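To start, the structure itself, in structure tokens.
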Amino acid sequence: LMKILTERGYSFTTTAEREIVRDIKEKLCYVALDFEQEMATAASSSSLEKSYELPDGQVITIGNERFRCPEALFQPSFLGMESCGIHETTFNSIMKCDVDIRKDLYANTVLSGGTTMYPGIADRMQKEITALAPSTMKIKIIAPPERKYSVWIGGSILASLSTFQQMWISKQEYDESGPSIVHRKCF
Amino acid sequence: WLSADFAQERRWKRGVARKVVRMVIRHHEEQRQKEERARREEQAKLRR
């Protein structure tokens with residue numbers, strides 16, 4: 001985002017301005033369903049532009065960058081990484097998985113992490129995985145509203161469950177088996 | 001009686017020593033396979 005804003009004409013070079021650019025990313029960026037159509041719309045109209053006020057009161061205009069930045073998750077070629085996108089990576093993982101479980105892996109595709117908070121990312125993942133996977137596999141993307149906290153939510157659930165009380169590594173077990181007790185009790 | 005015996009004992013001996021060095025290879029293989037069985041036990045703890 002900093003790179004494309006410098007290209008557009010807004011140069012951010014300091015670590016503090018990096019935080020302003022991160023805030024702009026979190027607030028205005030979004031995943032487009034069709035990158036080519038979105039680029040055409042942005043080039044033929046300004047309806048996709050937005051205004052952002054900097055800490056000094058200057059109002060800048062963010063245009064196609066909003067969806068050109070998050071697009072790097074599906075096409076790392078923009079950043080120059082010879083790696084498949086997130087959708088292709090999920091597809092390759094489901095392929096490496098056993099055939100008998102690919103149906104459930106498709107049906108229970110879940111999104112997590114702060115980076116997955118872009119609007120439309122779930123629809124884009126749905127589209128891509130449906131286009132890549134066999135026609136007989138029902139695709140379903142799960143993007144909870146609080147997916148940014150799903151990690152801690154599941155941790156708290158597992159720590160509050162009573163049946164999990166036998167899974168903890170106790171001080172006695174640690175003093176007896178050394179730090180390696182993690183490789184036996186945590187999986 | 002004894003001529004065929006030595007000829008038989010030779011083929012038996014080279015067969016006996018043969019299978020001996022043989023299980024020797026399987027034993028060493030079983031030691032690497034012993035480490036692989038320990039890894040499988042780790043995976044079984046994982047599964048549990």
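Quick note on naming: the chains in the structure tokens go A, B, ... in the order shown, residues restart at 1 in each chain, and ligands are numbered from 1 in order of appearance.
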Contact check, chain A to chain B, at most 12 Å, counting only C-alpha atoms, closest pairs as CSV:
```
residue,atom,partner,partner_atom,distance
A:167,CA,B:48,CA,10.9
A:182,CA,B:46,CA,11.6
A:183,CA,B:42,CA,8.7
A:184,CA,B:45,CA,7.2
A:185,CA,B:45,CA,8.4
A:186,CA,B:46,CA,8.2
A:187,CA,B:46,CA,5.7
```
* Asked: With only C-alpha atoms as the basis for distance, which of A:107, A:129, A:63, A:123 is at the shortest distance from residue 87 in chain A?
  -> A:129
* **CA of residue 30 in chain A to CA of residue 72 in chain A, straight-line distance in Å** =>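 Going from CA of residue 72 in chain A over to CA of residue 30 in chain A covers 11.6 Å.
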* **Length of the CA of residue 139 in chain A to CA of residue 108 in chain A vector [Å]** =>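 Distance reported for this atom pair: 8.1 Å.
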* Which of range 3-147 of chain A fall in alpha helix (DSSP H), as a ChimeraX atom specification -> /A:3-8,15-28,35-44,65-68,86-96,99-107,121-132
* Structure fact -> From CA of residue 53 in chain A to CA of residue 124 in chain A the spacing works out at 29.2 Å
* **Exercise: range 38-41 of chain A partners within 12 Å, only C-alpha atoms, chain neighbours under 6 positions left out, as an MDAnalysis selection string** => chainID A and resid 30:32 47:49 63:68 71
Next, the residues of the selection above should be written as a PDB file, in the first residue's frame with C-alpha atoms.
```pdb
ATOM      1  CA  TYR A  30     -11.414  -4.302   0.312  1.00  0.00           C
ATOM      2  CA  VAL A  31     -11.277  -7.448  -1.810  1.00  0.00           C
ATOM      3  CA  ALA A  32     -12.979  -7.131  -5.192  1.00  0.00           C
ATOM      4  CA  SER A  47     -17.107   6.291  -7.593  1.00  0.00           C
ATOM      5  CA  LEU A  48     -14.569   3.867  -6.075  1.00  0.00           C
ATOM      6  CA  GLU A  49     -12.457   6.687  -4.608  1.00  0.00           C
ATOM      7  CA  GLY A  63      -8.586   5.248  -5.547  1.00  0.00           C
ATOM      8  CA  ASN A  64      -7.935   1.850  -7.108  1.00  0.00           C
ATOM      9  CA  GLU A  65      -5.310   1.167  -4.426  1.00  0.00           C
ATOM     10  CA  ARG A  66      -8.120   0.090  -2.075  1.00  0.00           C
ATOM     11  CA  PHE A  67      -8.550  -3.175  -4.004  1.00  0.00           C
ATOM     12  CA  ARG A  68      -5.135  -3.297  -5.691  1.00  0.00           C
ATOM     13  CA  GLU A  71      -5.285  -8.265  -4.401  1.00  0.00           C
TER      14      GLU A  71
END
```
* To do: List the neighbours of range 142-146 of chain A out to 12 Å using only C-alpha atoms; skip same-chain residues closer than 6 positions along the sequence, and give me the result as number ranges by chain.
  => A: 105-126, 152-154
